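Written out below as structure tokens is the structure these notes cover.
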Amino acid sequence: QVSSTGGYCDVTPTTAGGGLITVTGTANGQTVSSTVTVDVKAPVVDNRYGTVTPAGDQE
Amino acid sequence: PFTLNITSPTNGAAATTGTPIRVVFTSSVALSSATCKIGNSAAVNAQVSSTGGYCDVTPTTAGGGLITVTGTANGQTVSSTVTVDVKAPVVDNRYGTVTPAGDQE
């Protein structure tokens with residue numbers, strides 16, 4: 120989304136490590152690209168071992 | 006023409022339709038008149054002071070609310086715009102509500 124005072128976007132990181140987000144913008148035949156790197160990490164595994172689950176087919 | 010910028014709200018903010026939003030801006034010089042519009046919605050005359058002005062707007066359509074503030078002074082007209090992320094409000098149906106019959110009251 121572009122406005123006269125700039126703009127915004129929503130992005131979804133895919134790979135862990137250094138997410139390299141690039142924003143490119145063209146106006147009046149001039150194109151300018153900027154980029155910012157963010158430290159993206161994997162989420163907590165949160166397995167919750169010891170969970171008891173009833174059989175699906177016996178419901 | 007004169008310089009014009011919109012102080013608030015910031016570009017890319019959060020909003021919900023049906024809730025009044027305050028748009029305040031500062032101008033280099035006093036404006037003869039100014040209008041505030043929300044995309045394709047009806048425009049409203051905005052309050053103008055020597056240091057800028059303000060208006061109150063009502064978003065209608067969800068998605069990207071494109072608020073445009075236009076101002077004319079001394080024959081020079083300058084228009085600025087800011088886009089805000091407007092989302093639909095929570096459905097909050099409250100299923101399971103018991104309601105007595107209206108006609109039996």
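Chains as they are written, first to last, in our numbering: chain A, 120 to 178; chain B, 6 to 110.
Cβ atoms here follow ideal geometry from the backbone N, Cα and C, with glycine treated the same way.
If you check each beta-carbon in the segment 67-78 of chain B against every beta-carbon of chain A, the ones closer than 8 Å belong to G69 and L71. Taking 7 Å as the Cβ-Cβ cut-off, the segment 81-106 of chain B approaches chain A at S85, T86, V87 and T88, given in chain order. Per the C-alpha coordinates, the member of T143(A), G148(A), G175(A) and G169(A) positioned closest to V155(A) is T143(A).
Under the Cβ criterion of 7 Å, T131(A) is not counted among the residues facing chain B. A straight line joining the alpha-carbon of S54(B) with that of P94(B) spans about 34 Å.
Counted as a single uninterrupted DSSP element, the stretch harbouring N16(B) is not any beta strand (DSSP E), since DSSP gives it neither H nor E. Taking C-alpha positions only, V62(B) is separated from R27(B) by approximately 7 Å. As the crow flies, the alpha-carbon of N98(B) is around 30 Å from that of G175(A). With fewer than 16 other CB atoms across the displayed protein chains lying within 10 angstroms of its CB, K92(B) is exposed. Checking the DSSP bridge columns, you'll see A146(A) partnered with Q149(A). Straight across, the Cα-Cα distance linking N45(B) with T134(A) is about 40 Å. Nearest Cα to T8(B) within the set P25(B), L36(B) and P14(B): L36(B). One finds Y127 in chain A with Cβ atoms closer than 7 Å to the Cβ of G17(B), taken in chain order. When DSSP states are grouped into helix, strand and coil, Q120(A) belongs to the coil group.
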